[PDB]
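Before any comments, here is the structure.
2 protein chains.
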Amino acid sequence: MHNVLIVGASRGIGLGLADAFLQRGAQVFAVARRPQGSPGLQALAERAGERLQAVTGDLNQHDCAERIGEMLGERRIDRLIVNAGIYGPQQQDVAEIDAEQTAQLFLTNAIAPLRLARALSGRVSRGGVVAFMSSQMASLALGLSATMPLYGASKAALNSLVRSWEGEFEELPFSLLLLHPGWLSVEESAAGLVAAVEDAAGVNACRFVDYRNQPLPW
Amino acid sequence: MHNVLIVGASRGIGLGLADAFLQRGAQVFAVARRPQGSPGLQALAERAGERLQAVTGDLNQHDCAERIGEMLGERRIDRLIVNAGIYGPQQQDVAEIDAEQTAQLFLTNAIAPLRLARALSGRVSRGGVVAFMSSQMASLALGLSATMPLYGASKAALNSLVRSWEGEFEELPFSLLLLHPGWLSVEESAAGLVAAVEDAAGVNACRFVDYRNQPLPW
Ligand code: NA
Ligand code: NA
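Sequences listed follow chains A and B, in order.
Heads up: the first sequence runs through residues 1 to 218, numbered per this note's numbering.
Heads up: the second sequence runs through residues 1001 to 1218, numbered per this note's numbering.
What follows is the structure, given as structure tokens:
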């Protein structure tokens, strides 16, 4: 029984990831801003009982790792998954975006995910996996982000920070994944990403992969 | 006689680029926050006479394209070079950076450069070149940004936005360059980048290159 921490597990792929890991026999620690006000998560929690724990926690708060920390207690994290991404302004227009919006977009999509993962890094199992929800829109080589440039740039920044983190170690103590979930049901996506996550266990590599475990170019 | 616009031309590579293009026989329009308080630019201006025009202009202001616009008049831009770039916080620490700092770093290094270039795009000659000062630190493949992750991420975001812009056209109307200046004197770097810029003229390609016109991987 591996311990899996999902930050952003209230709805969508996050909730799907929690279900997919539960089905693989993991102990799952689900973090969300308002866990009680997600009917999906609550119902998932009440099926399988103690094996899914809901935790209040906002990635954007500076006390987030501490709240997760005291809650975990002594147990180590085998799989850490940071799923907290926003689109940015609807218009995705560089001419219209203000400072507040810029701060929010890059804090939420890039900076805060690294802040959390670094704070918890000491508690992740050696040969475990730390994975971040990214996007194919982050890929410079693919250059597919014309219709949502600000979103794609926020995710390129995420990818950059994660590659930079890998650059700090002589050898990685765990794997660093950047995940493209696809756009395809939530269940198909989640099942695939879990497979991709589990494939990286014990390899201690930095990879950018989709829900099929295919390498995306940077 | 080609018209060359350099945004950020008071000091460093910017000033070097202005000199390098002047020596190749161009009409050069230099923009800077404080043109009068740069002894280099003033002395460069006085040597070339009318062939170098200094203009007050801050890339981060929303009226910047308008000020450049009225000043150019009807003249088309053959080469547009956006030379902006700040380091970000000294500590380069995701755990310490606030909203103000985040806004400033991504506005300055990524968003404002695209805002300006897009606003002036209509006035760039077809088969001309729009170039942005980037960094080898933007390269995910090279992964050299461990010691300055926020800087590198800001530049990866720049690269992303430029690739996204390329993605809007069926075929590019001009070249989109991302330049690594290579830290080597200002004159050697500037001469090389000018060669790289001029090599892209008439090709209408998106390229990430250094001062030797060598491709950097994304
Ligand atoms: Na926003
Ligand atoms: Na420095």
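Don't be surprised by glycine CBs; every beta carbon is placed ideally from N, CA and C.
- The Cβ of residue 123(A) sits no closer than 7 Å to any Cβ of chain B.
- Boundaries of the beta strand (DSSP E) harbouring residue 3(A): 3 to 7, taken from the DSSP string.
- The beta carbon of residue 204(A) lies closer than 8 Å to those of 127, 171, 172, 173, 174, 175 in the same chain, with the five residues before and after it left out.
- Nearest in C-alpha terms to residue 1056(B), of all of 1029(B), 1075(B), 1104(B), is 1029(B).
- Taking the beta carbon of residue 1170(B) as reference, no residue of chain A falls within 7 Å; the closest one sits roughly 11 Å away.
- According to the DSSP assignment, residue 203(A) belongs to no beta strand (DSSP E), since it is labelled neither H nor E.
- Using a Cβ-Cβ cut-off of 7 Å, residue 143(A) counts as an interface residue toward chain B, since at least one Cβ of chain B sits closer than that to its own.
- Residue environment: residue 1165(B) is assigned as buried (16 or more neighbouring CB atoms within 10 Å of its CB, all protein chains considered).
- For residue 1049(B), the secondary structure class from DSSP, reduced to helix, strand or coil, is helix.
- For residue 1072(B), the enclosing alpha helix (DSSP H) covers residues 1064 to 1072.
- For residue 88(A), the CB contacts under 6 Å within the same chain, skipping 5 residues up- and downstream, are 105, 150, 151 in chain order.
- About 5 Å separates the beta carbon of residue 1082(B) from that of residue 1113(B), a gap short enough to meet the 8 Å contact definition.
- Beta-carbon to beta-carbon, residue 118(A) and residue 1095(B) are separated by about 7 Å, close enough to satisfy the 8 Å threshold.
- Taking one beta carbon from each stretch, the stretch 175 to 191 of chain A and the stretch 97 to 111 of chain A have fewer than 3 pairs nearer than 8 Å; the two do not touch.
- Closer than 7 Å to the CB of residue 1111(B) there is at least one CB belonging to chain A.
- DSSP, read as helix, strand or coil, puts residue 1056(B) in strand.
- The contact set of residue 1106(B) on chain A, defined by CB atoms closer than 7 Å, consists of 102, 106 in chain order.
- Annotated as distal: residue 157(A) and residue 84(A), with beta-carbon spacing of 7 Å or more.
- If you compare the alpha carbons of 135(A), 42(A), 12(A) with that of residue 191(A), the shortest gap goes to 12(A).
- In the three-state reduction of the DSSP assignment, residue 1174(B) falls in the coil class, being assigned neither a helical nor a strand state.
- Taking 8 Å as the upper bound for CB-CB distance, residue 1131(B) and residue 1197(B) are in contact here, some 6 Å apart.
- For residue 1027(B), there is no enclosing alpha helix (DSSP H); the residue is part of the beta strand (DSSP E) that begins and ends at 1027 to 1032.
- If you check the CB distance, residue 1216(B) and residue 1139(B) come in under 7 Å.
- Residue 214(A) has its Cβ no nearer than 6 Å to any heavy atom of ligand 1.
- From the beta-carbon of residue 97(A), the residues of chain B found nearer than 7 Å are 1111.
- Taking 7 Å as the cut-off, the beta carbon of residue 146(A) is found closer than this to the beta carbon of residue 1167(B).
- Taking a C-beta cut-off of 7 Å against chain A, none of the residues of the stretch 1062 to 1073 of chain B qualify.
- With 6 Å as the limit, the residues whose C-beta approaches any heavy atom of ligand 1 more closely are 88(A), 89(A), 101(A), 104(A), 105(A), in sequence along the chain.
- Distances from the CA of residue 79(A) to each of 48(A), 115(A), 123(A) were compared; the closest alpha carbon is that of 123(A).
- Straight across, the Cα-Cα distance linking residue 1020(B) with residue 1005(B) is about 13 Å.
- Here residue 1214(B) is exposed. Its C-beta has fewer than 16 other C-beta atoms within 10 Å.
- In terms of Cβ geometry, residue 1102(B) and residue 65(A) do not form a close pair [threshold 7 Å].
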